[PDB]
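One file, target-v3.cif, is given below (mmCIF, C-alpha atoms; chains and numbers go by the auth columns).
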data_protein
loop_
_atom_site.group_PDB
_atom_site.id
_atom_site.type_symbol
_atom_site.label_atom_id
_atom_site.label_comp_id
_atom_site.label_asym_id
_atom_site.label_seq_id
_atom_site.Cartn_x
_atom_site.Cartn_y
_atom_site.Cartn_z
_atom_site.B_iso_or_equiv
_atom_site.auth_seq_id
_atom_site.auth_asym_id
ATOM 1 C CA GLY A 1 0.000 0.000 0.000 0.00 1 A
ATOM 2 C CA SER A 2 0.908 3.673 0.317 0.00 2 A
ATOM 3 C CA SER A 3 3.028 4.348 3.402 0.00 3 A
ATOM 4 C CA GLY A 4 2.382 8.009 4.144 0.00 4 A
ATOM 5 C CA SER A 5 -1.215 9.065 3.539 0.00 5 A
ATOM 6 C CA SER A 6 -3.816 11.171 5.347 0.00 6 A
ATOM 7 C CA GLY A 7 -7.405 10.059 5.848 0.00 7 A
ATOM 8 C CA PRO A 8 -9.696 7.341 7.248 0.00 8 A
ATOM 9 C CA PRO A 9 -8.612 3.762 8.059 0.00 9 A
ATOM 10 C CA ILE A 10 -8.238 1.478 5.042 0.00 10 A
ATOM 11 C CA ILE A 11 -8.571 -2.310 5.022 0.00 11 A
ATOM 12 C CA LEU A 12 -5.727 -3.553 2.824 0.00 12 A
ATOM 13 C CA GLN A 13 -7.402 -6.967 2.919 0.00 13 A
ATOM 14 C CA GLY A 14 -10.681 -7.913 4.572 0.00 14 A
ATOM 15 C CA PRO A 15 -12.879 -11.023 4.868 0.00 15 A
ATOM 16 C CA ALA A 16 -14.398 -12.739 1.832 0.00 16 A
ATOM 17 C CA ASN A 17 -17.357 -14.988 1.024 0.00 17 A
ATOM 18 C CA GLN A 18 -16.181 -18.463 2.026 0.00 18 A
ATOM 19 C CA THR A 19 -18.281 -21.631 2.165 0.00 19 A
ATOM 20 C CA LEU A 20 -17.022 -23.826 5.006 0.00 20 A
ATOM 21 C CA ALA A 21 -18.496 -27.017 6.458 0.00 21 A
ATOM 22 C CA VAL A 22 -20.106 -27.109 9.903 0.00 22 A
ATOM 23 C CA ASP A 23 -17.923 -28.522 12.678 0.00 23 A
ATOM 24 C CA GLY A 24 -14.855 -26.845 11.209 0.00 24 A
ATOM 25 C CA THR A 25 -12.627 -23.808 11.690 0.00 25 A
ATOM 26 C CA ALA A 26 -13.519 -20.400 10.262 0.00 26 A
ATOM 27 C CA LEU A 27 -10.669 -17.957 9.642 0.00 27 A
ATOM 28 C CA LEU A 28 -11.657 -14.402 8.721 0.00 28 A
ATOM 29 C CA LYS A 29 -8.589 -12.438 7.625 0.00 29 A
ATOM 30 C CA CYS A 30 -8.666 -8.685 8.240 0.00 30 A
ATOM 31 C CA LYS A 31 -5.777 -6.242 7.836 0.00 31 A
ATOM 32 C CA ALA A 32 -6.151 -2.485 8.304 0.00 32 A
ATOM 33 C CA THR A 33 -3.621 0.348 8.478 0.00 33 A
ATOM 34 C CA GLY A 34 -3.827 3.709 10.220 0.00 34 A
ATOM 35 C CA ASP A 35 -2.052 6.368 12.267 0.00 35 A
ATOM 36 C CA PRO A 36 -2.739 5.385 14.809 0.00 36 A
ATOM 37 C CA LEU A 37 -3.943 1.950 13.704 0.00 37 A
ATOM 38 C CA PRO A 38 -7.701 1.243 13.560 0.00 38 A
ATOM 39 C CA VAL A 39 -9.507 -0.938 16.099 0.00 39 A
ATOM 40 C CA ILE A 40 -10.513 -4.215 14.456 0.00 40 A
ATOM 41 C CA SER A 41 -14.000 -5.415 15.385 0.00 41 A
ATOM 42 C CA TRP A 42 -16.399 -8.115 14.193 0.00 42 A
ATOM 43 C CA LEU A 43 -20.146 -7.460 14.151 0.00 43 A
ATOM 44 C CA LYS A 44 -22.540 -10.384 13.716 0.00 44 A
ATOM 45 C CA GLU A 45 -25.729 -9.096 12.091 0.00 45 A
ATOM 46 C CA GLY A 46 -25.145 -5.796 13.866 0.00 46 A
ATOM 47 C CA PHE A 47 -24.147 -7.200 17.249 0.00 47 A
ATOM 48 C CA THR A 48 -20.972 -7.428 19.331 0.00 48 A
ATOM 49 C CA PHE A 49 -18.974 -10.527 18.400 0.00 49 A
ATOM 50 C CA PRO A 50 -17.396 -12.567 19.514 0.00 50 A
ATOM 51 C CA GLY A 51 -17.428 -10.413 22.633 0.00 51 A
ATOM 52 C CA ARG A 52 -18.213 -13.182 25.108 0.00 52 A
ATOM 53 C CA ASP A 53 -17.255 -16.484 23.482 0.00 53 A
ATOM 54 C CA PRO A 54 -14.608 -19.040 24.538 0.00 54 A
ATOM 55 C CA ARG A 55 -14.468 -20.912 21.231 0.00 55 A
ATOM 56 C CA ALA A 56 -14.361 -17.690 19.212 0.00 56 A
ATOM 57 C CA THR A 57 -11.317 -15.422 19.453 0.00 57 A
ATOM 58 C CA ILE A 58 -9.101 -12.964 17.581 0.00 58 A
ATOM 59 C CA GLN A 59 -5.354 -13.067 16.935 0.00 59 A
ATOM 60 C CA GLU A 60 -2.900 -10.161 17.003 0.00 60 A
ATOM 61 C CA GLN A 61 -3.524 -9.956 13.256 0.00 61 A
ATOM 62 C CA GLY A 62 -7.235 -9.286 13.647 0.00 62 A
ATOM 63 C CA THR A 63 -7.850 -12.906 12.684 0.00 63 A
ATOM 64 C CA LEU A 64 -11.264 -14.181 13.774 0.00 64 A
ATOM 65 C CA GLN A 65 -10.956 -17.903 14.491 0.00 65 A
ATOM 66 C CA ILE A 66 -14.064 -19.921 15.344 0.00 66 A
ATOM 67 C CA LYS A 67 -14.018 -23.645 16.115 0.00 67 A
ATOM 68 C CA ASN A 68 -16.942 -26.078 16.084 0.00 68 A
ATOM 69 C CA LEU A 69 -18.828 -24.024 13.496 0.00 69 A
ATOM 70 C CA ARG A 70 -22.597 -24.433 13.183 0.00 70 A
ATOM 71 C CA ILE A 71 -25.205 -24.138 10.432 0.00 71 A
ATOM 72 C CA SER A 72 -26.661 -21.396 12.627 0.00 72 A
ATOM 73 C CA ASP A 73 -23.391 -19.463 12.817 0.00 73 A
ATOM 74 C CA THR A 74 -23.886 -18.525 9.164 0.00 74 A
ATOM 75 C CA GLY A 75 -24.234 -14.750 9.204 0.00 75 A
ATOM 76 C CA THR A 76 -22.924 -11.401 7.988 0.00 76 A
ATOM 77 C CA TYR A 77 -19.481 -10.509 9.333 0.00 77 A
ATOM 78 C CA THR A 78 -18.336 -6.882 9.365 0.00 78 A
ATOM 79 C CA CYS A 79 -14.710 -6.088 10.193 0.00 79 A
ATOM 80 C CA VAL A 80 -14.854 -2.524 11.517 0.00 80 A
ATOM 81 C CA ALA A 81 -11.584 -0.611 11.831 0.00 81 A
ATOM 82 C CA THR A 82 -12.147 2.715 13.588 0.00 82 A
ATOM 83 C CA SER A 83 -9.127 5.002 13.936 0.00 83 A
ATOM 84 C CA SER A 84 -8.511 8.451 15.416 0.00 84 A
ATOM 85 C CA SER A 85 -8.592 9.561 11.779 0.00 85 A
ATOM 86 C CA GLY A 86 -11.852 8.107 10.500 0.00 86 A
ATOM 87 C CA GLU A 87 -13.754 4.827 10.307 0.00 87 A
ATOM 88 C CA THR A 88 -14.173 1.881 7.938 0.00 88 A
ATOM 89 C CA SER A 89 -15.727 -1.581 7.680 0.00 89 A
ATOM 90 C CA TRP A 90 -15.754 -4.625 5.402 0.00 90 A
ATOM 91 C CA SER A 91 -18.478 -6.982 4.178 0.00 91 A
ATOM 92 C CA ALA A 92 -18.410 -10.783 4.062 0.00 92 A
ATOM 93 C CA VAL A 93 -20.722 -13.747 4.646 0.00 93 A
ATOM 94 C CA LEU A 94 -19.691 -17.151 5.992 0.00 94 A
ATOM 95 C CA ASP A 95 -21.964 -19.787 4.458 0.00 95 A
ATOM 96 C CA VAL A 96 -21.875 -22.873 6.679 0.00 96 A
ATOM 97 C CA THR A 97 -23.050 -26.104 5.054 0.00 97 A
ATOM 98 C CA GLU A 98 -23.361 -29.691 6.280 0.00 98 A
ATOM 99 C CA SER A 99 -21.723 -31.300 3.246 0.00 99 A
ATOM 100 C CA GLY A 100 -19.742 -28.334 1.962 0.00 100 A
#
Show me, as structure tokens, the structure contained in the file I just sent.
Amino acid sequence: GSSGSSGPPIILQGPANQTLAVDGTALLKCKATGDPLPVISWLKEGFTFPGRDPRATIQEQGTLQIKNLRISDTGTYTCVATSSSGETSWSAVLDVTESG
């Protein structure tokens, strides 16, 4: 990207539409740059997530990892990256199937 810009937080690479199989591991990649850096956040259908979930978690690289997926988990993920500068968010849906 461009190292030395002025504006809102940009998501070099966000989540994409992936079709995983229930009872698996979902990995939602999300990389955003900013000065300071934006605050990565995942919203499930417009709700805090994972927030309070043991199975679900996020890595230092804003990587949302969820184990023991479920056909119900299928929803709309939004990686929000708010930064002192501005604000931004991505769009992606994780389609969970029984037989892929």
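Nearest-residue note for residue 59 of chain A: choosing from A:11, A:22, A:92, A:27, the minimum distance belongs to A:27, counting all atoms listed in the file.
Minimum atom-to-atom distances from A:94, A:84, A:74, A:69 to residue 24 of chain A were compared using all atoms listed in the file, and the lowest value belongs to A:69.
When all atoms listed in the file are used to compute distances to residue 4 of chain A, the closest of the residues A:17, A:65, A:25, A:33 turns out to be A:33.
Nearest residue to residue 83 of chain A, choosing from A:10, A:71, A:66, A:26 and counting all atoms listed in the file: A:10.
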Practice task
Run the PyMOL selection byres ((chain A and resi 86) around 8) mentally over the shown coordinates, then write out the matched residues as a VMD selection string, using the chain letters and numbers from the document.
Solution key: chain A and resid 7 to 9 82 to 85 87 to 88
Write a file of the selected residues as a PDB file, in the frame of the given file, keeping C-alpha atoms.
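Just written: selection.pdb:
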ATOM      1  CA  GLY A   7      -7.405  10.059   5.848  1.00  0.00           C
ATOM      2  CA  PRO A   8      -9.696   7.341   7.248  1.00  0.00           C
ATOM      3  CA  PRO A   9      -8.612   3.762   8.059  1.00  0.00           C
ATOM      4  CA  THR A  82     -12.147   2.715  13.588  1.00  0.00           C
ATOM      5  CA  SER A  83      -9.127   5.002  13.936  1.00  0.00           C
ATOM      6  CA  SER A  84      -8.511   8.451  15.416  1.00  0.00           C
ATOM      7  CA  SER A  85      -8.592   9.561  11.779  1.00  0.00           C
ATOM      8  CA  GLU A  87     -13.754   4.827  10.307  1.00  0.00           C
ATOM      9  CA  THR A  88     -14.173   1.881   7.938  1.00  0.00           C
TER      10      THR A  88
END
Practice task
Mind giving me the straight-line distance from atom CA of residue 1 of chain A to atom CA of residue 40 of chain A in Å, one decimal?
Solution key: 18.4 Å
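Distances to residue 100 of chain A were evaluated for A:64, A:81, A:37, A:21 using all atoms listed in the file, and the minimum falls at A:21.
What separates atom CA of residue 96 of chain A from atom CA of residue 61 of chain A is a distance of 23.4 Å.
Distance-wise, atom CA of residue 31 of chain A and atom CA of residue 55 of chain A end up 21.7 Å apart.
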Completion exercise
Judged by all atoms listed in the file, the minimum distance to residue 95 of chain A among A:5, A:18, A:63, A:57 is found for A:18
Mind working out the centre and edge lengths of an axis-aligned box for segment 51-62 of chain A, all listed atoms inside, 5 Å added to each side, rounded to one decimal in Å and written as JSON?
{"center_x": -10.6, "center_y": -15.1, "center_z": 19.2, "size_x": 25.3, "size_y": 21.6, "size_z": 21.9}
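Every polymer residue reaching to within 6 Å of (-10.1, -12.8, 7.2), counting all atoms listed in the file, appears in this list: residues 14, 15, 27, 28, 29, 30 and 63 of chain A.
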Practice task
Report the residues retrieved by the PyMOL selection byres ((chain A and resi 46) around 12) from the displayed file, expressed as a PyMOL selection string.
Solution key: chain A and resi 41-45+47-50+75-80+91
With the input short on atoms, add N, CA and C atoms back to segment 17-31 of chain A and write it as a CSV table (one decimal), keeping the file's coordinate frame.
chain,number,residue,atom,x,y,z
A,17,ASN,N,-16.3,-14.0,1.0
A,17,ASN,CA,-17.4,-15.0,1.0
A,17,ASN,C,-16.8,-16.4,0.9
A,18,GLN,N,-16.7,-17.1,2.0
A,18,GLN,CA,-16.2,-18.5,2.0
A,18,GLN,C,-17.2,-19.5,2.5
A,19,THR,N,-17.3,-20.6,1.8
A,19,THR,CA,-18.3,-21.6,2.2
A,19,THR,C,-17.6,-22.8,2.9
A,20,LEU,N,-17.6,-22.8,4.2
A,20,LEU,CA,-17.0,-23.8,5.0
A,20,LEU,C,-18.1,-24.9,5.4
A,21,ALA,N,-17.6,-26.0,6.0
A,21,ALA,CA,-18.5,-27.0,6.5
A,21,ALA,C,-18.6,-27.0,8.0
A,22,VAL,N,-19.9,-27.1,8.5
A,22,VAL,CA,-20.1,-27.1,9.9
A,22,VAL,C,-19.1,-28.0,10.6
A,23,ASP,N,-18.8,-27.7,11.9
A,23,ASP,CA,-17.9,-28.5,12.7
A,23,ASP,C,-16.5,-28.3,12.2
A,24,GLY,N,-16.2,-27.1,11.7
A,24,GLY,CA,-14.9,-26.8,11.2
A,24,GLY,C,-14.3,-25.6,11.8
A,25,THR,N,-13.3,-25.0,11.2
A,25,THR,CA,-12.6,-23.8,11.7
A,25,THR,C,-12.7,-22.7,10.7
A,26,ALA,N,-13.4,-21.6,11.1
A,26,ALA,CA,-13.5,-20.4,10.3
A,26,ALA,C,-12.4,-19.4,10.5
A,27,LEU,N,-11.7,-19.0,9.5
A,27,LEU,CA,-10.7,-18.0,9.6
A,27,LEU,C,-11.0,-16.7,8.8
A,28,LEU,N,-11.4,-15.6,9.4
A,28,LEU,CA,-11.7,-14.4,8.7
A,28,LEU,C,-10.5,-13.4,8.8
A,29,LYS,N,-9.7,-13.3,7.7
A,29,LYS,CA,-8.6,-12.4,7.6
A,29,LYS,C,-9.0,-11.0,7.5
A,30,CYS,N,-8.3,-10.1,8.2
A,30,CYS,CA,-8.7,-8.7,8.2
A,30,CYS,C,-7.4,-7.8,8.6
A,31,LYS,N,-6.9,-7.1,7.6
A,31,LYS,CA,-5.8,-6.2,7.8
A,31,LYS,C,-6.1,-4.8,7.5
